[PDB]
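Here the structure comes first, spelled out in structure tokens, and everything after it is commentary.
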Amino acid sequence: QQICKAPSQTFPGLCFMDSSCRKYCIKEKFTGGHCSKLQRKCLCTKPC
């Protein structure tokens with residue numbers, strides 16, 4: 001499965017914990033999410 005990614009619209013502030021991002025992303029109708037260690041954004045993921 002190819003995975004598509006988009007920045008979270010609902011995650012507040014800086015992203016350090018993947019688990020928190022994942023929770024917000026699932027509520028956004030994605031299937032997961034992770035922090036970009038780079039820019040500290042929550043990135044939501046789902047199958048393309």
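By order of appearance in the structure tokens: chains A, B, ..., then residues from 1 within every chain, and ligands from 1 in the order shown.
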
Surrounding residues of region 20-30 of chain A excluding itself and chain neighbours under 5 positions, 7 Å, only C-alpha atoms, as a list in words = residues 8, 10, 11, 15, 35, 42, 44, 45 and 46 of chain A

task = Take CA of residue 16 (chain A) and CA of residue 33 (chain A) and report the distance between them in Å, one decimal.
result = 11.9 Å

request  = Please identify which residues in chain A DSSP calls strand (DSSP E or B) from the backbone, and express them as a PyMOL selection string.
outcome  = chain A and resi 3-7+32-35+42-47

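The space between CA of residue 13 (chain A) and CA of residue 48 (chain A) spans 26.4 Å.
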
request  = Could you pull out the residues in chain A that DSSP calls helix (DSSP H, G or I) from the backbone, as a list in words?
outcome  = residues 18, 19, 20, 21, 22, 23, 24, 25, 26 and 27 of chain A

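Minimum atom-to-atom distance to residue 18 (chain A), evaluated using only C-alpha atoms, belongs to A:41 out of A:31, A:3, A:41, A:47.
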